[PDB]
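Below you will find one chain, with nothing else, as structure tokens; this is the form deposited in one PDB entry, and questions on how it binds or moves follow later.
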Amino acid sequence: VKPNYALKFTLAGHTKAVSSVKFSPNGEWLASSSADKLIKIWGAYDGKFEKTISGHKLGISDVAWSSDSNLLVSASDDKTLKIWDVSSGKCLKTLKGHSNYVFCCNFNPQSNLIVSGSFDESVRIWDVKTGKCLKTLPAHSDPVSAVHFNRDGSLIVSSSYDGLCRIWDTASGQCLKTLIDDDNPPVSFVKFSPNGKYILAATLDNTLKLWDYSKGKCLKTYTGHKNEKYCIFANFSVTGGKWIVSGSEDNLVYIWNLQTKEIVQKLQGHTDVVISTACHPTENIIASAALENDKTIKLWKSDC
């Protein structure tokens, strides 16, 4: 069983590089963010452009959805995050306190909290309702590349150019684990596995790693793609076969068998670095997005 992703749609609209693409939890919407300071909403199934969300003064590097699919959060170079109501497009809150670009962001399953990672080397935790910063965590000693809450939002994982992945107790802000090899290339991305037992870490040594954080053991590695320059999103695809999906610096989307580490498909079509990929919650659908020479989002679909 290898997947057979075939190109359904090419989604044109962003005037600069696309930075991040995410599927709404209900699976009906695709949100995109871009260097053009814009968020755009697209139909997940027909690729129909829905709306443009604007307000940020500078480019956006990440966008995330609330559990109920009603809210988005964005992380911009203008040093802020904005909470948007998706149906009105209106900015509900502006989240002030980072002293440099906000790079990454995420809601917890509860969706009462936002986690943010910045070039100022901190991870912040914010209240959704009031927009106020609950905690500032001296998380790292270099730009924070990724922040992600576990299955129930009791933990946060952060990655950084400093070469570390760190696990944080959300409620208390206290660091529980630092993961470090005997060699520290920048960690360009991290997220929890759907079940919270593992973390998937990308490093700028063209390498993805599945870690048992609690024991500090690397269980799988995923290689063959190109990742030396950019903070590229990776995913666990769990709808059909059990895959790892990542963008790549060779204009390709890579798909690996989670257990064998075998490349099972490469998707061709983009004409620049695939910076971002997202896996549909229920359907075997992938969204991918590329950089400045491309600026498009592609939607793909497999049988498995």
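Numbering starts at 1 and follows the sequence shown.
Another form, the form deposited with a partner chain bound, is not on view; read the next lines as being about it.
Not one of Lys93, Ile125 and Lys135 places a heavy atom within 4.5 Å of the partner chain in the entry with it bound. In the entry with it bound, the partner chain stays beyond 4.5 Å of every heavy atom belonging to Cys279.
When the partner chain is considered in the entry with it bound, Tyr198 lines it closely, a heavy atom lying within 4.5 Å.
The partner chain is not drawn, but in the entry with it bound it has a heavy atom within 4.5 Å of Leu210.
Residue contact with the partner chain in the entry with it bound: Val264 places no heavy atom within 4.5 Å of it. Site annotation in the entry with it bound: the residue of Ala64, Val245, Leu258, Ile39 reaching within 4.5 Å of the partner chain with a heavy atom is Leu258.
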